[PDB]
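Atoms considered below: every heavy atom in the structure, side chains included; atoms not considered: hydrogens, waters and symmetry mates. Proteins get letters first, then strands, A, B, ... in listed order; numbering begins at 1 in each.
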Amino acid sequence: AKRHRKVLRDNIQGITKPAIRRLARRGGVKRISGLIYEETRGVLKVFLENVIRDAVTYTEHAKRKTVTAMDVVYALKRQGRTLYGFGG
DNA sequence: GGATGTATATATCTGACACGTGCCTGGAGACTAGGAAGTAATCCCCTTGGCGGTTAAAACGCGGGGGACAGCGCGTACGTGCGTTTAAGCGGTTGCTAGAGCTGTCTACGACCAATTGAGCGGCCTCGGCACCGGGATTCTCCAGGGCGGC
């Protein structure tokens with residue numbers, strides 16, 4: 001069975017355990033339990049669906065198919081998470 | 001006697017200054033209308049310092065036990081290091097399409113103004129329901145007569 005699905009669904013596993021460890025090191029965490037990574041993947045996914053849903057709404061209002069950075073800045077500012085350095 | 005360390009001179013690289021040009025956006029000048037400042041009147045709320053009385057909350061003290069904290073043991077789960085795999089990162093192909101920018105035309109849609117009128121705000125009268133007063137029906141406590149016993 002060489003053939004398989006073209007699309008990939010485990011892209012939340014692409015946020016690897018060393019990446020989450022580096023994020024915790026930047027946050028100042030010395031010791032990390034083994035169940036941290038699944039919870040971090042879940043909260044990152046929830047945050048990303050919120051921001052991406054608002055940015056897709058901003059894109060669809062402008063009758064566009066691409067998602068610009070300015071829509072992402074709008075979506076983050078609407079959630080009280082203003083980001084500097086991408087225009088505006 | 002030969003080659004090495006070091007000083008001064010010359011060519012080249014690179015950020016910065018000034019020159020040039022477009023253009024379009026801000027500034028100068030004039031006019032006008034209305035937004036806001038000022039005025040007077042009326043009425044209601046807030047301020048400061050008091051008094052009186054109720055009463056429930058606040059304060060104080062005390063006993064006791066529940067919970068916070070410290071110490072110790074233990075076992076497991078995470079850190080650390082190394083070898084191996086793997087996929088990210090970069091550079092690249094190849095076409096098509098989405099989108100920004102610019103120009104051009106036009107048309108439907110919204111601003112604007114005048115006349116109108118009907119939906120919103122206040123009061124007035126009435127009804128639904130709750131309550132106060134008068135009258136009829138039902139049940140409970142009581143005073144007196146009859147009969148029996150004693151000296």
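One interatomic measurement links the two molecules: CZ of A/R25 to P of B/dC78, which rounds to 13 Å at whole-angstrom precision. What separates CD of A/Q13 from P of B/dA88 is a distance of 14 Å, to the nearest Å. Rounded to whole angstrom, the span from the NZ atom of A/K17 across to the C1' atom of B/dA87 amounts to 19 Å. Regarding A/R21, its CZ atom lies at a distance of 13 Å from the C1' atom of B/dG81, rounded to whole Å. Counting to the nearest Å, the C1' atom of B/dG79 and the CD1 atom of A/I36 are 15 Å from each other. Distance OH (A/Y37) to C1' (B/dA77): 11 Å, rounded to an integer number of Å. In this structure, A/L35 places its CG atom 11 Å from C1' of B/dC78, rounding to the nearest Å. Protein atom CZ of A/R22 is 17 Å distant from nucleotide atom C1' of B/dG79, rounded to whole Å.
Taking atom P in both B/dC24 and B/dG104, one finds a spacing of 13 Å when rounded to whole Å.
Between A/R31 and B/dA77 there is no side-chain polar atom (N or O) within less than 4.0 angstrom of OP1 or OP2.
By the 6.0 Å contact criterion, CD on A/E38 is enclosed, its count of non-hydrogen atoms from other residues, nucleotides or ligands being greater than 12.
Using modelled atom types, one finds no donor on one side chain facing an acceptor on the other under 3.5 Å when comparing A/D54 with A/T57.
Annotation for A/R41 and A/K17: closest pair NH2-N, 3.6 Å, computed over non-hydrogen atoms.
For B/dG71, classification of the furanose by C1'-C2'-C3'-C4' yields a south pucker, on the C2'-endo side.
Contact annotation for A/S33: backbone-only contact, meaning every heavy-atom pair under 4.0 Å involves sugar-phosphate atoms and none involves a base.
Closest contact between the side chain of A/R64 and the listed nucleotides B/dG79, B/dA100, B/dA98 involves B/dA100.
To the nearest 0.5 angstrom, A/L23 atom CG is 9.5 Å from A/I32 atom CD1.
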